[PDB]
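Engineer: Contents of run-v9.cif (mmCIF, C-alpha atoms) are below:
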data_upload
#
loop_
_atom_site.label_atom_id
_atom_site.label_comp_id
_atom_site.auth_asym_id
_atom_site.auth_seq_id
_atom_site.Cartn_x
_atom_site.Cartn_y
_atom_site.Cartn_z
CA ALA X 1 -28.72 4.20 68.94
CA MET X 2 -26.36 3.63 66.04
CA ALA X 3 -27.71 6.71 64.20
CA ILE X 4 -26.84 9.87 66.12
CA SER X 5 -29.80 10.98 68.33
CA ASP X 6 -31.58 14.41 67.63
CA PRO X 7 -30.14 17.42 69.29
CA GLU X 8 -31.86 18.16 72.60
CA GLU X 9 -32.17 21.64 74.02
CA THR X 10 -31.02 21.66 77.65
CA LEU X 11 -33.40 23.58 80.00
CA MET X 12 -31.34 22.84 83.09
CA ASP X 13 -28.30 20.74 84.09
CA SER X 14 -27.08 20.47 87.63
CA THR X 15 -23.61 19.47 86.50
CA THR X 16 -23.04 22.93 85.02
CA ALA X 17 -23.78 24.77 88.21
CA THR X 18 -20.95 27.17 88.88
CA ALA X 19 -22.33 28.07 92.35
CA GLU X 20 -24.01 25.94 95.03
CA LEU X 21 -27.30 24.56 93.58
CA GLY X 22 -29.67 26.17 96.06
CA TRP X 23 -32.42 23.54 95.67
CA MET X 24 -35.03 23.70 98.45
CA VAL X 25 -34.93 20.80 100.91
CA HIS X 26 -38.02 19.91 102.91
CA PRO X 27 -37.36 18.99 105.69
CA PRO X 28 -33.73 19.97 106.17
CA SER X 29 -33.04 16.74 108.06
CA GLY X 30 -33.59 14.87 104.67
CA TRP X 31 -31.68 15.56 101.49
CA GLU X 32 -28.35 17.37 101.85
CA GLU X 33 -26.02 18.90 99.22
CA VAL X 34 -22.75 17.14 98.89
CA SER X 35 -20.03 18.35 96.56
CA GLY X 36 -17.84 15.77 94.88
CA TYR X 37 -15.13 16.94 92.36
CA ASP X 38 -14.98 14.75 89.19
CA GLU X 39 -12.20 13.49 86.84
CA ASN X 40 -11.04 16.96 85.52
CA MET X 41 -11.28 18.64 89.00
CA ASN X 42 -14.77 19.78 87.93
CA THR X 43 -16.85 19.69 91.05
CA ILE X 44 -20.22 18.12 90.90
CA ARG X 45 -22.89 19.23 93.36
CA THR X 46 -25.06 16.27 94.31
CA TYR X 47 -27.79 15.58 96.92
CA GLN X 48 -28.02 12.58 99.10
CA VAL X 49 -30.31 11.25 101.76
CA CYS X 50 -29.92 8.20 103.90
CA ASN X 51 -32.30 8.24 106.92
CA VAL X 52 -32.90 4.57 106.67
CA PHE X 53 -32.96 4.25 110.43
CA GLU X 54 -35.61 6.99 111.05
CA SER X 55 -39.29 6.32 110.60
CA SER X 56 -41.98 8.16 108.53
CA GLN X 57 -39.50 9.65 106.06
CA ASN X 58 -40.92 12.02 103.48
CA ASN X 59 -37.97 14.02 102.17
CA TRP X 60 -38.44 16.44 99.29
CA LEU X 61 -35.82 18.16 97.20
CA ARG X 62 -37.05 20.87 94.82
CA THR X 63 -35.15 22.46 91.97
CA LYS X 64 -35.10 26.08 90.96
CA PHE X 65 -37.72 27.41 88.57
CA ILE X 66 -37.01 26.07 85.13
CA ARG X 67 -38.19 27.98 82.04
CA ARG X 68 -39.99 25.84 79.49
CA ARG X 69 -38.61 27.93 76.50
CA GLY X 70 -41.14 26.58 73.99
CA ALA X 71 -41.25 22.79 74.66
CA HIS X 72 -44.49 21.03 75.32
CA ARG X 73 -42.89 17.80 76.45
CA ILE X 74 -40.11 17.67 79.02
CA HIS X 75 -37.45 14.97 79.40
CA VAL X 76 -35.65 14.50 82.65
CA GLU X 77 -32.45 12.50 82.89
CA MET X 78 -31.32 11.43 86.31
CA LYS X 79 -28.08 9.76 87.40
CA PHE X 80 -28.20 8.41 90.85
CA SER X 81 -26.93 5.68 93.08
CA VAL X 82 -29.18 3.67 95.46
CA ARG X 83 -28.05 1.32 98.23
CA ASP X 84 -29.96 -2.01 98.17
CA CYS X 85 -32.00 -2.50 101.32
CA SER X 86 -30.79 -6.11 101.46
CA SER X 87 -27.19 -4.90 101.76
CA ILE X 88 -27.84 -2.86 104.94
CA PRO X 89 -27.21 -4.69 108.22
CA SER X 90 -30.34 -4.82 110.46
CA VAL X 91 -32.32 -3.10 107.72
CA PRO X 92 -35.84 -2.24 108.93
CA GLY X 93 -39.10 -3.27 107.25
CA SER X 94 -39.56 0.40 106.11
CA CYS X 95 -36.49 0.59 103.92
CA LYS X 96 -37.10 1.65 100.30
CA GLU X 97 -34.88 1.77 97.30
CA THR X 98 -36.80 4.05 95.00
CA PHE X 99 -37.61 7.78 94.90
CA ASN X 100 -40.45 9.69 93.13
CA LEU X 101 -40.01 12.43 90.64
CA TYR X 102 -42.73 15.19 90.46
CA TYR X 103 -43.22 18.39 88.52
CA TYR X 104 -45.18 21.56 89.18
CA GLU X 105 -45.94 24.20 86.42
CA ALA X 106 -45.92 27.89 87.23
CA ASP X 107 -46.05 31.06 85.19
CA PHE X 108 -43.24 32.52 87.17
CA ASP X 109 -40.88 31.77 89.97
CA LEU X 110 -43.46 31.89 92.72
CA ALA X 111 -42.44 29.03 95.05
CA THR X 112 -41.46 29.65 98.69
CA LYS X 113 -40.60 27.51 101.72
CA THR X 114 -44.25 26.44 102.03
CA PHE X 115 -45.71 26.84 98.56
CA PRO X 116 -46.63 24.75 96.69
CA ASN X 117 -47.59 22.23 99.34
CA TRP X 118 -45.17 19.30 99.65
CA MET X 119 -47.27 16.51 98.29
CA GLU X 120 -48.71 14.89 95.16
CA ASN X 121 -51.70 17.21 94.42
CA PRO X 122 -50.59 19.97 93.77
CA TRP X 123 -47.41 18.25 92.51
CA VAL X 124 -47.81 15.83 89.62
CA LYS X 125 -45.99 12.58 90.00
CA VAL X 126 -43.99 11.54 86.87
CA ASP X 127 -42.99 8.13 88.16
CA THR X 128 -41.32 6.11 90.89
CA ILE X 129 -37.68 5.74 89.90
CA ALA X 130 -35.76 2.46 90.54
CA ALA X 131 -32.24 1.22 89.96
CA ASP X 132 -31.66 -0.93 86.86
CA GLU X 133 -29.18 -3.64 86.33
CA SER X 134 -27.74 -1.11 83.85
CA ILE X 135 -24.95 0.67 85.74
CA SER X 136 -22.05 2.87 84.63
CA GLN X 137 -19.47 4.47 86.87
CA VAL X 138 -18.23 7.94 87.66
CA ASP X 139 -15.39 9.47 89.63
CA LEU X 140 -16.39 12.00 92.38
CA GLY X 141 -13.79 13.12 94.94
CA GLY X 142 -11.42 10.19 95.35
CA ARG X 143 -13.81 7.37 94.40
CA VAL X 144 -15.77 5.59 91.62
CA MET X 145 -19.38 4.55 92.41
CA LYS X 146 -22.00 2.56 90.49
CA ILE X 147 -24.66 4.85 88.95
CA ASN X 148 -27.88 4.26 87.16
CA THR X 149 -29.23 6.59 84.52
CA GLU X 150 -32.99 6.88 84.04
CA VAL X 151 -34.95 9.25 81.83
CA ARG X 152 -38.61 10.07 82.11
CA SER X 153 -40.69 12.57 80.24
CA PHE X 154 -44.03 14.34 80.91
CA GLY X 155 -46.49 16.74 79.24
CA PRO X 156 -48.19 18.59 77.83
CA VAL X 157 -46.84 21.45 79.86
CA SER X 158 -48.33 24.94 79.10
CA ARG X 159 -47.24 27.53 81.69
CA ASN X 160 -44.01 29.46 81.36
CA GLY X 161 -41.91 27.28 83.68
CA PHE X 162 -41.96 24.48 86.22
CA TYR X 163 -40.06 22.95 89.13
CA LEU X 164 -39.12 19.36 89.65
CA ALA X 165 -39.01 17.62 92.99
CA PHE X 166 -37.55 14.36 94.17
CA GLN X 167 -38.95 12.54 97.16
CA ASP X 168 -37.27 9.88 99.31
CA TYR X 169 -39.30 7.89 101.79
CA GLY X 170 -36.75 5.94 103.76
CA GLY X 171 -33.94 4.74 101.50
CA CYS X 172 -30.24 5.53 101.05
CA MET X 173 -29.26 7.21 97.79
CA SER X 174 -27.45 9.92 96.08
CA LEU X 175 -28.85 11.99 93.17
CA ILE X 176 -25.67 12.75 91.29
CA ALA X 177 -26.95 14.64 88.29
CA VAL X 178 -30.20 15.88 86.67
CA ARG X 179 -30.53 17.19 83.15
CA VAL X 180 -33.80 18.53 81.84
CA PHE X 181 -34.18 18.90 78.09
CA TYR X 182 -36.55 18.67 75.18
CA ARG X 183 -36.06 17.23 71.69
CA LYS X 184 -35.24 20.15 69.30
CA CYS X 185 -37.78 19.75 66.46
CA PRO X 186 -37.98 21.40 62.99
CA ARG X 187 -41.70 21.66 62.09
#
Starting from the file, lay out its structure as structure tokens.

Structural biologist:
Amino acid sequence: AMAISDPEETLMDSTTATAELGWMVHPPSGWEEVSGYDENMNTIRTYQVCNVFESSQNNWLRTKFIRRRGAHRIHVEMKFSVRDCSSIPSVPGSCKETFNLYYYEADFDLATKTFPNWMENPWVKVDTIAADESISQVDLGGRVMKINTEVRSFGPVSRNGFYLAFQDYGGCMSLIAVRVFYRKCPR
């Protein structure tokens, strides 16, 4: 990355949400929206989940419908912080420090509280996401935390739109930003 990277068309970006994000949380005891104002008094809506001391966790967070606007391949950039299991006093055997990213294609905004079902098949899993040793920092509220930035892509996608979902299964983490985009490409 010395040469400037290609423009990317942004399909969605949580950091530009004027109003509360309204992502669907299943179950509501799992992820929860937390709003932390940044450096310029811009507030960032984030989601976090930390039920490390509850068993059988399977916590889904699903975005709003996202229009594909032409792309066939989708890139998803995620900034998040994860607490290492080994840093948690009395940490149980079940503790995890990754989350899974999924997508689900739809021709229109058809999802509800129960549909699609909350599991891989009908969701497609993109990958299990882990923290790097590559960390930056941001300022949210008073404080500066370590954050990782990971990008994954998937396709081909053919329907008009899709949703993403993020699943925690027993870790402690904060999803601070998500940006979905595709590489803008002159044929």

Engineer: For the structure provided, state which residues fall under the PyMOL selection byres ((chain X and resi 25-37) around 7), and present them as an MDAnalysis selection string.

Structural biologist: chainID X and resid 23:24 38 41:49 59:62 140:141

Engineer: For residue X:138, please output as a VMD selection string all residues within 9 Å (counting all atoms listed in the file; exclusion window: fewer than 2 positions along the same chain).

Structural biologist: chain X and resid 38 to 39 136 140 143 to 147

Engineer: Since we have the selection now, will you write its residues out, keeping C-alpha atoms, as a compact mmCIF listing (two decimals), keeping the file's coordinate frame?

Structural biologist:
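Writing the result to out09.txt gives the following:
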# COMPACT_ATOMS: atom_id res chain seq x y z
CA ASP X 38 -14.98 14.75 89.19
CA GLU X 39 -12.20 13.49 86.84
CA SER X 136 -22.05 2.87 84.63
CA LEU X 140 -16.39 12.00 92.38
CA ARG X 143 -13.81 7.37 94.40
CA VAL X 144 -15.77 5.59 91.62
CA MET X 145 -19.38 4.55 92.41
CA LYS X 146 -22.00 2.56 90.49
CA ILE X 147 -24.66 4.85 88.95

Engineer: With all atoms listed in the file as the counted atoms, please give the residues lying no more than 9 Å from residue X:132, apart from itself and same-chain residues fewer than 3 positions off, as a list in words.

Structural biologist: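 Neighbouring residues, sequence-local ones excluded: residues 135, 148, 149 and 150 of chain X.
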
Engineer: Can you write out the residues you just picked, keeping C-alpha atoms, as an mmCIF file, in the frame of the given file?

Structural biologist:
data_model
loop_
_atom_site.group_PDB
_atom_site.id
_atom_site.type_symbol
_atom_site.label_atom_id
_atom_site.label_comp_id
_atom_site.auth_asym_id
_atom_site.auth_seq_id
_atom_site.Cartn_x
_atom_site.Cartn_y
_atom_site.Cartn_z
ATOM 1 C CA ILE X 135 -24.950 0.670 85.740
ATOM 2 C CA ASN X 148 -27.880 4.260 87.160
ATOM 3 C CA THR X 149 -29.230 6.590 84.520
ATOM 4 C CA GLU X 150 -32.990 6.880 84.040
#

Engineer: Of the candidates X:74, X:129, X:165, X:94, which shows the shortest atom-to-atom distance to residue X:183, using all atoms listed in the file?

Structural biologist: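 Of X:74, X:129, X:165, X:94, the one nearest residue X:183, counting all atoms listed in the file, is X:74.
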
Engineer: Provide the atom CA of residue X:105 to atom CA of residue X:161 distance in Å, to one decimal place.

Structural biologist: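 Value for the atom CA of residue X:105-atom CA of residue X:161 distance: 5.8 Å.
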
Engineer: Distance atom CA of residue X:103-atom CA of residue X:178, one decimal place?

Structural biologist: 13.4 Å

Engineer: Need the shell around stretch 65-73 of chain X: protein/DNA/RNA residues with any atom at most 12 Å away, counting only C-alpha atoms. Skip same-chain ones fewer than 3 positions apart. Format as a PyMOL selection string?

Structural biologist: chain X and resi 8-14+21-24+62+76+103-112+152-165+179-185

Engineer: Write out, as a PDB file, in the coordinates of the input, the residues just selected, with C-alpha atoms.

Structural biologist:
ATOM      1  CA  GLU X   8     -31.860  18.160  72.600  1.00  0.00           C
ATOM      2  CA  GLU X   9     -32.170  21.640  74.020  1.00  0.00           C
ATOM      3  CA  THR X  10     -31.020  21.660  77.650  1.00  0.00           C
ATOM      4  CA  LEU X  11     -33.400  23.580  80.000  1.00  0.00           C
ATOM      5  CA  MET X  12     -31.340  22.840  83.090  1.00  0.00           C
ATOM      6  CA  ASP X  13     -28.300  20.740  84.090  1.00  0.00           C
ATOM      7  CA  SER X  14     -27.080  20.470  87.630  1.00  0.00           C
ATOM      8  CA  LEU X  21     -27.300  24.560  93.580  1.00  0.00           C
ATOM      9  CA  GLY X  22     -29.670  26.170  96.060  1.00  0.00           C
ATOM     10  CA  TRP X  23     -32.420  23.540  95.670  1.00  0.00           C
ATOM     11  CA  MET X  24     -35.030  23.700  98.450  1.00  0.00           C
ATOM     12  CA  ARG X  62     -37.050  20.870  94.820  1.00  0.00           C
ATOM     13  CA  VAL X  76     -35.650  14.500  82.650  1.00  0.00           C
ATOM     14  CA  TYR X 103     -43.220  18.390  88.520  1.00  0.00           C
ATOM     15  CA  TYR X 104     -45.180  21.560  89.180  1.00  0.00           C
ATOM     16  CA  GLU X 105     -45.940  24.200  86.420  1.00  0.00           C
ATOM     17  CA  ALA X 106     -45.920  27.890  87.230  1.00  0.00           C
ATOM     18  CA  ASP X 107     -46.050  31.060  85.190  1.00  0.00           C
ATOM     19  CA  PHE X 108     -43.240  32.520  87.170  1.00  0.00           C
ATOM     20  CA  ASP X 109     -40.880  31.770  89.970  1.00  0.00           C
ATOM     21  CA  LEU X 110     -43.460  31.890  92.720  1.00  0.00           C
ATOM     22  CA  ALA X 111     -42.440  29.030  95.050  1.00  0.00           C
ATOM     23  CA  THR X 112     -41.460  29.650  98.690  1.00  0.00           C
ATOM     24  CA  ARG X 152     -38.610  10.070  82.110  1.00  0.00           C
ATOM     25  CA  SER X 153     -40.690  12.570  80.240  1.00  0.00           C
ATOM     26  CA  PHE X 154     -44.030  14.340  80.910  1.00  0.00           C
ATOM     27  CA  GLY X 155     -46.490  16.740  79.240  1.00  0.00           C
ATOM     28  CA  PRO X 156     -48.190  18.590  77.830  1.00  0.00           C
ATOM     29  CA  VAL X 157     -46.840  21.450  79.860  1.00  0.00           C
ATOM     30  CA  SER X 158     -48.330  24.940  79.100  1.00  0.00           C
ATOM     31  CA  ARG X 159     -47.240  27.530  81.690  1.00  0.00           C
ATOM     32  CA  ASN X 160     -44.010  29.460  81.360  1.00  0.00           C
ATOM     33  CA  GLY X 161     -41.910  27.280  83.680  1.00  0.00           C
ATOM     34  CA  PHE X 162     -41.960  24.480  86.220  1.00  0.00           C
ATOM     35  CA  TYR X 163     -40.060  22.950  89.130  1.00  0.00           C
ATOM     36  CA  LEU X 164     -39.120  19.360  89.650  1.00  0.00           C
ATOM     37  CA  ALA X 165     -39.010  17.620  92.990  1.00  0.00           C
ATOM     38  CA  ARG X 179     -30.530  17.190  83.150  1.00  0.00           C
ATOM     39  CA  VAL X 180     -33.800  18.530  81.840  1.00  0.00           C
ATOM     40  CA  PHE X 181     -34.180  18.900  78.090  1.00  0.00           C
ATOM     41  CA  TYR X 182     -36.550  18.670  75.180  1.00  0.00           C
ATOM     42  CA  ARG X 183     -36.060  17.230  71.690  1.00  0.00           C
ATOM     43  CA  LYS X 184     -35.240  20.150  69.300  1.00  0.00           C
ATOM     44  CA  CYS X 185     -37.780  19.750  66.460  1.00  0.00           C
TER      45      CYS X 185
END

Engineer: Could you tell me how far atom CA of residue X:96 sits from atom CA of residue X:124, in Å to one decimal place?

Structural biologist: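 Value for the atom CA of residue X:124-atom CA of residue X:96 distance: 20.7 Å.
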
Engineer: Can you tell me, as a PDB file with C-alpha atoms, keeping the file's coordinate frame, what residues are no more than 12 Å from stretch 84-87 of chain X when counting only C-alpha atoms, ignoring any on the same chain fewer than 2 positions away?

Structural biologist:
ATOM      1  CA  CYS X  50     -29.920   8.200 103.900  1.00  0.00           C
ATOM      2  CA  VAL X  52     -32.900   4.570 106.670  1.00  0.00           C
ATOM      3  CA  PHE X  53     -32.960   4.250 110.430  1.00  0.00           C
ATOM      4  CA  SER X  81     -26.930   5.680  93.080  1.00  0.00           C
ATOM      5  CA  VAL X  82     -29.180   3.670  95.460  1.00  0.00           C
ATOM      6  CA  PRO X  89     -27.210  -4.690 108.220  1.00  0.00           C
ATOM      7  CA  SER X  90     -30.340  -4.820 110.460  1.00  0.00           C
ATOM      8  CA  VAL X  91     -32.320  -3.100 107.720  1.00  0.00           C
ATOM      9  CA  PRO X  92     -35.840  -2.240 108.930  1.00  0.00           C
ATOM     10  CA  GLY X  93     -39.100  -3.270 107.250  1.00  0.00           C
ATOM     11  CA  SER X  94     -39.560   0.400 106.110  1.00  0.00           C
ATOM     12  CA  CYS X  95     -36.490   0.590 103.920  1.00  0.00           C
ATOM     13  CA  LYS X  96     -37.100   1.650 100.300  1.00  0.00           C
ATOM     14  CA  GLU X  97     -34.880   1.770  97.300  1.00  0.00           C
ATOM     15  CA  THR X  98     -36.800   4.050  95.000  1.00  0.00           C
ATOM     16  CA  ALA X 130     -35.760   2.460  90.540  1.00  0.00           C
ATOM     17  CA  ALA X 131     -32.240   1.220  89.960  1.00  0.00           C
ATOM     18  CA  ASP X 132     -31.660  -0.930  86.860  1.00  0.00           C
ATOM     19  CA  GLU X 133     -29.180  -3.640  86.330  1.00  0.00           C
ATOM     20  CA  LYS X 146     -22.000   2.560  90.490  1.00  0.00           C
ATOM     21  CA  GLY X 170     -36.750   5.940 103.760  1.00  0.00           C
ATOM     22  CA  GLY X 171     -33.940   4.740 101.500  1.00  0.00           C
ATOM     23  CA  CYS X 172     -30.240   5.530 101.050  1.00  0.00           C
ATOM     24  CA  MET X 173     -29.260   7.210  97.790  1.00  0.00           C
TER      25      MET X 173
END

Engineer: Pick the closest to residue X:142 from X:64, X:83, X:40, X:126: which is it, counting all atoms listed in the file?

Structural biologist: X:40

Engineer: Step by step, work through what the PyMOL selection byres ((chain X and resi 100) around 6) selects in the shown file, and finish by giving those residues as a list in words.

Structural biologist: residues 99, 101, 127, 128, 129, 166 and 167 of chain X

Engineer: For the file shown, report as a PyMOL selection string the outcome of the PyMOL selection byres ((chain X and resi 169) around 6) at residue level.

Structural biologist: chain X and resi 57-58+168+170
